[PDB]
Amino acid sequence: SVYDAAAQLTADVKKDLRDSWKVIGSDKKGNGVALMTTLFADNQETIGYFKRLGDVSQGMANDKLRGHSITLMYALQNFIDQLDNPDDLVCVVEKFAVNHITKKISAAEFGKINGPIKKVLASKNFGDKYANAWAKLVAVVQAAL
């Protein structure tokens, strides 16, 4: 239940999400591409889903990948801004869930983003505490897939 999952975002979890987002969200292009390249490097079996982006190994040089990556960061910005109201968080999460359901992305595969998030956070000195907080947010999307 996406609603029960949203209920797991306690005061402490929301605080850690906001605090870390303040840093990671400051460079959407840089960290956005970092997230995607890490996903492709650690889970090569997911590259096939991104055929529209062309050669993803080009990273920042790939205009389609850069556009996609920046936009992805605004989806996270959206989630963070909706933390105050569970009803609004759920409706935006379901909107993005549909985008992935159409691309045939399951809850299990969506969860493969946790590894990359932990790595990007770690490179900014945010440890497991923050990685686990973000895993709870990702879990809300997984509940809608």
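Numbers for residues come from their place in the sequence shown, where the first is 1.
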Stretch exceeding the other in mean C-alpha B-factor - 49-57, 74-82: 49-57
Highest mean C-alpha temperature factor of the two stretches 22-30 and 65-73, which is it? 22-30
Quiz for you: based on the deposited Cα B-factor, which of 94, 109, 88, 42 is highest? 42
In terms of the CA temperature factor given in the entry, to which third of its chain does residue 104 belong: lowest, middle or highest? highest
In terms of the CA temperature factor given in the entry, to which third of its chain does residue 139 belong: lowest, middle or highest? lowest
Quick check for you: using the entry's CA B-factors within this chain, is residue 131 in the lowest, middle or highest third? middle
Sorting the chain's modelled residues by C-alpha B-factor and splitting them into thirds places residue 9 in the highest
